[PDB]
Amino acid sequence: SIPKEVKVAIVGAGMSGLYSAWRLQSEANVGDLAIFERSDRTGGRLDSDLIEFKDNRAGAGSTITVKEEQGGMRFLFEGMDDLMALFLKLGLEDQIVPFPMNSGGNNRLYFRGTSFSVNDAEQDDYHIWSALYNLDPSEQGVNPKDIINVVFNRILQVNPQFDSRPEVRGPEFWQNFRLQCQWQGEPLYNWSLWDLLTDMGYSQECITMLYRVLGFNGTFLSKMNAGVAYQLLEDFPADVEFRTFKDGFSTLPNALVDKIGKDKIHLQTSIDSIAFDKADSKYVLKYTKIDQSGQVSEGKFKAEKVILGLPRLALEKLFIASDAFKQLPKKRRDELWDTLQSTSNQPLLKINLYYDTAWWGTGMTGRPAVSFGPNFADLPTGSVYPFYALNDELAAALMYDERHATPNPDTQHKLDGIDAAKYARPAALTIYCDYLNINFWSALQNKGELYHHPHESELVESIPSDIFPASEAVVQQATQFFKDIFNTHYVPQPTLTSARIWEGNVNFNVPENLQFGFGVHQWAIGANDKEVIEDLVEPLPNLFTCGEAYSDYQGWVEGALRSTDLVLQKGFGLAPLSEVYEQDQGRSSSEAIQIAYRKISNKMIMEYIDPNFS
């Protein structure tokens, strides 16, 4: 049942769409709104899976749950003030757990046919990098990641006009960085990182090493500009403490759906075109809907205000098909189109292989155990992340680990036991790659038959609907790269697989359950994003645009929230959520979340790890 008219029509049930609705209902007393989502699910590029494995351990119809992510997976307590405020208002802080990023040096590295560990790579003044890559002398004997850091320090040094003092470097800092810092008299948003490092004197061997060692080679090889590249590369410092949700990032959009009401959310309802009815000064939205039978249906409805919570490709499709846009004067039509081109499309993919037990621990490899964080490679895998069965005791040990406490031998012995026990429960690996590596897997995923473990139904009760199996060809090639990376003959067949290629589609032959947008976006060369962003808040009277793609904090939920807040301010009078939170609470979202989590983790530790913890 699609209403004949609403006061606010929201297009897209991703974070931007759900967040708009929630804030409008809760703070602007707007009850007459509706959300229209082309897919059969909410959340967009947040997409968690909770798999209930048959527990077939010896002493066990009992079930073990493995959380995995097909989209976003992690966040930070600082520099994400809207997100934190959002978590606190929805009361989700008690589900926050660690997202560790290292195994104390045991994580794998695979480069130029050679498998080794992070610890190994440090040995002998980082000698291994100078053996694998033909580096200039000034490039030898230093940790590759530290080259990125040093170059960052150099950019700041030669831009003394640019105030580099704030301790928390959020979207503002990063915008001024790319728009006002220069190199050789050209501001960074006119640079590519590839050109920049080359101009600075780096060898192409060194540059290849960097874009392979860092995982996201798009920062170097795509059309994104060097300033925004650096915002992403300086997001994963050595000392990072990322967190996530026990049940996955989808906890967040599922919570918003609850507050919104499923009755206002129209799934399998794609907005095809938008026109303006000059008589009653209202927009007219043409849609297509698929009921639960397959019964297709076309229709139309009106809205006083329209909120397009949509990325670049989706906006371009609407723009091309929409009289509201076509009726515009030539000059402004073309200017608006050119503005949509100012953010690069960044493909990403995640392929998840689940296993009845984990095989990368010392028991199965005979080598130092791999636990958490990226296993990087110049293979097409890009980055490989382990996930483990949900386990409260394990999460507590990880919480203890987030402190830089010195356990006594009793506590170290218990932590040892907990670290080893996770290998005996179901687990998963995520292959997580970008740009240059996409095409290897997409051709593999669409060829031949799909993978299913025999007796799959005996292994997992219900397989979530958003799971499309990896192709048999994907599993076989992934299995061989895993043997390379983890330096082991032993990599068994997965119990369950999923493949998700976040690469926008323009082909009408693709089912709706397989149409996905680009993974993230990043400002292109020459893009003055300060102008672009304000231009896209409300490009036509009462029609708004918002989301990650043209945001301040690309690649992250926080960017979607901040871009949406701009729409909520200009079109509805609402101040930014983080400022509203601080007005209502007397303190920042950031301080609040840290105090609340500290308390939760304090008691988690005392209860599971060390009864006498500080």
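Throughout, we count residues from 1 along the sequence that is shown.
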query: Would you say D146 is missing from a third or more of the other compared entries?
result: no
- prompt: Relative to the other PDB entries of this protein in the set, is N102 coordinate-less in at least a third?
  reply: no
task: Between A60 and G61, count the deposited residues left without coordinates and pick a bin: none, 1 to 3, 4 to 9, 10 or more.
output: 1 to 3
query: Looking at the deposited entry, does 159-167 or 115-123 carry the larger mean Cα B-factor?
result: 159-167
- request: Determine, for stretches 483-491 and 310-318, which one has the higher mean CA B-factor as deposited.
  value: 310-318
- request: Sort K262, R154, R212, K350 by C-alpha B-factor from the entry and give me just the highest.
  value: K262
- request: Just grab whichever of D195, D81, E241, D280 has the top CA B-factor as deposited.
  value: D280
query: Lowest, middle or highest third of the chain for the C-alpha temperature factor of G573?
result: highest
query: Of the three thirds of its chain by CA temperature factor, lowest, middle or highest, which one includes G201?
result: middle
query: Should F518 be placed in the lowest, middle or highest third of its chain by the C-alpha B factor in the entry?
result: middle
query: How does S26 rank on Cα B-factor within its chain, lowest, middle or highest third?
result: highest
Modelled-residue ranking by C-alpha temperature factor, third containing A549: lowest
